[PDB]
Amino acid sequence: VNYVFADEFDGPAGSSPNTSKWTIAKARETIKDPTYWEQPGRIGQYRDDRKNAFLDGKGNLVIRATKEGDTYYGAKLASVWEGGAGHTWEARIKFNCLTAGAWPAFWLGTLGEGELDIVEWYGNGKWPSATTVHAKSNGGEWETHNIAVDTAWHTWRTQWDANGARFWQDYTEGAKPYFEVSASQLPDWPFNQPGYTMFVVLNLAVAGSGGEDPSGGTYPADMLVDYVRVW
């Protein structure tokens, strides 16, 4: 109805996503005490390069992982805008990047405590793909729900407020959410804090703990996003 945030990703093929709306990561996060695939020489990089994040000219954002030399590159977009409790947030996404080493995600983040991982897929061959509600930044308090991810188009929707968070895949009117978490489930539930707001993140990383080894994978690896809408 009345959207408080939206991008329909319109624009010519090969053009940049809207840089006034999205912060495109210029480097992968530096990691204290890295695991094997988080080491600086093995982890996937992020950059603001049209080879890794571009509009397709048909109304989709493409976030793309590529290999150049011995280095893999992906991309991460984070909204400048932030929204608080009581909204519904949805993206329509097609994951064509479900390959060894890849680690796509659609999530709501904060620099403070808490995170809503709406859909995450792990190319490490070890971890189930999942939707996760995190109460703490240390990753020490959460509720998670395993989901299965195919390569078809889906909508991924969350609604969250002070009292809980709910998730739907391919929402239709009256559908029961596939996963719901109430405030009572997490002692350190942060989402009821006054003024608490979250930004939208869409990203495709390579390697790190979630992706691990990209050898033998299919690159370029593509994550397509038709829109993000919040109301």
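When you see a residue number, it is the position in the sequence shown, counting from 1.
Visitor: Using the B-factors recorded in the PDB entry, average over the C-alpha atoms of 124-132 and of 98-106, then report which stretch comes out higher.
Guide: Mean B over CA atoms: larger for 124-132.
Visitor: Averaged over C-alpha atoms, is the B-factor higher for 89-97 or for 138-146 in this PDB entry?
Guide: 138-146 has the higher mean C-alpha B-factor.
Visitor: Which one, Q169, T66, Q45, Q185, has the peak C-alpha temperature factor per the PDB entry?
Guide: That would be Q185.
Visitor: Which one of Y178, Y196, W37, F54 shows the top CA temperature factor in the record?
Guide: Of the options given, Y196 has the highest CA B-factor in the PDB entry.
Visitor: Looking at the temperature factor on the CA atom of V200, which third of the chain's modelled residues does it land in?
Guide: It belongs to the lowest third of the chain when residues are ordered by C-alpha B-factor.
Visitor: Splitting the chain's C-alpha B-factors into thirds, which one does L224 fall into?
Guide: For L224, whose C-alpha B-factor we compare with every modelled residue in the chain, the answer is the lowest third.
Visitor: Taking the chain's C-alpha temperature factors as the reference, tell me which third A75 falls into: lowest, middle or highest.
Guide: Lowest third - that is where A75 ends up once the chain's C-alpha B-factors are sorted.
Visitor: Comparing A152 with the other modelled residues of its chain, is its CA B-factor in the lowest, middle or highest third?
Guide: Middle third - that is where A152 ends up once the chain's C-alpha B-factors are sorted.
Visitor: Using the B-factor values recorded in the entry, state whether the Cα atom of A207 falls in the lowest, middle or highest third among the modelled residues of its chain.
Guide: According to the entry, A207 has a C-alpha B-factor in the chain's lowest third.
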